[PDB]
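Structure first, then comments.
Count residues from 1 along the sequence. Read the numbers this way: they start at 1 and go in the same order the structure lists the ligands and their atoms. Below, each value reflects all heavy atoms present in this structure, side chains not excepted, and no hydrogens, waters or symmetry copies.
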Amino acid sequence: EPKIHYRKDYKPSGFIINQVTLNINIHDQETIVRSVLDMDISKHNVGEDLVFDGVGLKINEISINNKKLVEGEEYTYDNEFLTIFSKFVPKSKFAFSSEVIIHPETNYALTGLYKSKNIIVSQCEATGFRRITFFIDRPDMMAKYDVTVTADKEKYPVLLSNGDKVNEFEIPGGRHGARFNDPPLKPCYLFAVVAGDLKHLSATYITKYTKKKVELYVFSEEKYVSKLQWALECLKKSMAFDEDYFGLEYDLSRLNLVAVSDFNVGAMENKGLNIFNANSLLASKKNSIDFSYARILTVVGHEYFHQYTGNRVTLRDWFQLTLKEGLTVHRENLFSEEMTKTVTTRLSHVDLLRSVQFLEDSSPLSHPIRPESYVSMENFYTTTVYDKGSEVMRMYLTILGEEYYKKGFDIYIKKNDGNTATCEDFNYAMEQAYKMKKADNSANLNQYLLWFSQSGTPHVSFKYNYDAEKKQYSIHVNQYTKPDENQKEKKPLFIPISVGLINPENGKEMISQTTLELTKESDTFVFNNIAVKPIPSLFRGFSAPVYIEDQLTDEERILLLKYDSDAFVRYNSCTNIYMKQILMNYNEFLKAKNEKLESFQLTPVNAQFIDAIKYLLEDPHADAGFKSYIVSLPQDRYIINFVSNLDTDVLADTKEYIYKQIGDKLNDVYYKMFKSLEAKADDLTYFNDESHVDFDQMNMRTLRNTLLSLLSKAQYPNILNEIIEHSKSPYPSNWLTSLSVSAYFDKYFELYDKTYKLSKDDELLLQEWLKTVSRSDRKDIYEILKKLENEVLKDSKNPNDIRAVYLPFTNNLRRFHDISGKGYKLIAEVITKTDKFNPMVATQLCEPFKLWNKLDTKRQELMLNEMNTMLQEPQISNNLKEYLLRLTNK
Ligand SMILES: O=C(CNc1cccc(F)c1)N[C@@H](C(=O)NO)c1ccc(Br)cc1
Ligand SMILES: [Mg+2]
Ligand SMILES: [Mg+2]
Ligand SMILES: [Zn+2]
């Protein structure tokens, strides 16, 4: 009886918690938590027992109105629920109090109160607050918080919680306390406490409209405080963006960001006290790869934007998760697009969605962005809820345009500020803007709500007609979502299709900006006074989260790739050319294998496509990040959505052939660009200025490192010389790339030892080194992973360490999917081992298995055997069991 929670079952509690008064006393062997809950009986009360969530708590005593309750007669506790029998529950306002013991030192699951290195830190979302003290641990129980933290002063000089610090005091025996009062109501998942020997950088921010001074503090352990500078700049940028785009100011006197080494995810938006995985807050040019800079910008931005979308407007219940996470990812994405000013930012989010999230949505794990049920709330945090949620949130902007979107968002904030909300509240606010935009009080967005309830990726397909005599162009559009286990019957969605029409003679735009509103299963959109047969530029900006079936020829796609104005359609046209090639070569390789052919033919790569790649690479005005995408084949996890029973060896052979076909024609171009890009890509002018971040320059390094990888796999003449020189670059993105691309040479372990020595004295850099080794294209990768286990990883319980060692390796198409199943067995062993102390990270480590039923039948069987073996572990967590049961359709 695992307990399934159903969305439709939501009901308000029969109780109210008005005030929380906490005393958290941190000692060497245990932490004592005293809590007084000022409570009341709600209008929904029907005489029920008072049931608190409380997981793993050691009760010293519990009381109601300062009378101790007697265990067994007046309450029972089973280590997960505290039940006070209703006859002992007061009928009016009452105080519930308790003193419990918890043990952050041994809390390796990193939820509740835990110790990360020498920092005590909390993580309460989603169900962590009940691991600190008793509570009705659900986001609609809004309360005021008065929190006192005490600790050894020498070990823990910096004490932080939500709200204003109202008192600091000394305590006999070398201890000290601080009291924080946070009067605004909040759900308990936004509570946080931090204690440690933290060092900070700080700044003052003056808000745009009210001219309020906000103190900004960024904290880390002392060793890494020099890595906080970029994060502080990102925070300032985030504040300014919400002010400028949304007209939203921060409301509190202070905002703290804190980095900790042990963290299950990226960061957490606790009010006034955002807590980060160190890998998403700390960077320096000497000790971080380039990706750290966009990561810190987006994660700092993301947690900041939660202050409105999640904190001030919060959730009624956890099924609304996408209302704060999809919306905050959308706000994050707008922010990062404006901050980076590169088209690759949007392309990178599409690239993530169509690989990772599309795979999830065609898997047995498929769910709508608002699921109907759950067992483990932690399994709800998914790329579907986050990234498809973000695309659903972004479609409102595409449909409404900026002006009316901003009006609708402001309606949402004004109407729900300080309250809980549901997805309907957001859709209602957008609907008001829709009415305004359409000048039609009857217009509604009722159909739009299916984006919240309908799982699965829509497929959108096209047919075209041009009447030259009439100058009349027609686009016939069809939408189809495959039935799945959530809906037998799928319904047509409100799909906005941003379109242009390119004149194939001169590459020019043929019509103004147009967004087709597809609301039926099919429609025909006609355009008059189209002087010449156009090439349609469909779903510009990737305007809906769908499979696009453009039915264009490769000649048409090539022309869009060269000449269209829209970065996404160019990238997608290139993607589609590659996919046609991959599917064709895959089937030719497969047939040869199946028929045991002694000889056979392969269809070559389209020569005009290769010419078009060359043309774009040689265009000095073209974006270097975009160029890096066009020379890269689509992600394996994008491809697998298009192949049944995918044989990973055959796919590996297919990609190799296509990369070789192209490199045989373009390697001299790749080499020449690799060399000519050096000066601007590796410019050291601002290497010691942590405020100066140039996303274009970083994209040129991406392009250089992509080209170097291509040339190294090709064994381009004397490229090992370039690899060795590149290992001497000051930039870790370069010298770690030199390690990875040296895999094809006898110098690999020389560079392995060199880069280890460069990486070993920075915690986060070492983790980047581990990832690079893990992802190295090495025939001896299994022996290398054993070396990492024995010599570096050891028995670390740090999630960054475990993820770094194992997850990149699972993208090794040839070796992770070794037909013996040894790679599946390896990851399953790591999952089961990790599950003993950290169920959430154990489920993250399951991610390679998400495509299990898409592989060839033997690998299906191998993966299924490992997950059935994992499901049979007597000690399996609820999180892992529920995940594997759903993934294996059991
Ligand atoms: O750090 C991230 C990265 N996103 C993310 C992570 C895991 C799965 C997934 F689909 C997306 N997410 C934060 C967040 O939303 N911070 O605001 C978060 C996630 C889970 C919980 Br429990 C609390 C917080
Ligand atoms: Mg305990
Ligand atoms: Mg199923
Ligand atoms: Zn979030």
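Among the atoms of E325, an N, O or S atom is found under 2.8 Å from the Zn ion (ligand 4). Backbone or side-chain N, O or S atoms of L57 do not reach the Mg ion (ligand 2) at under 2.8 Å.
Under the salt bridge (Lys or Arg N to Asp or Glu O under 4.0 Å) test applied with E269, the options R312, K324, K186 reduce to a single match, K324.
For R331 and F246, the positive end sits near the middle of the six-membered ring, less than 6.0 Å away and at most 45° from its axis.
One finds an angle of 100° at the Zn ion (ligand 4) between NE2 on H306 and NE2 on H302, to the nearest 10 degrees.
Outside the 6.0 Å centre-distance limit, the rings of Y77 and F52 are not counted as a close aromatic pair. Aromatic ring centres of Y405 and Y396 lie farther apart than the 6.0 Å criterion allows.
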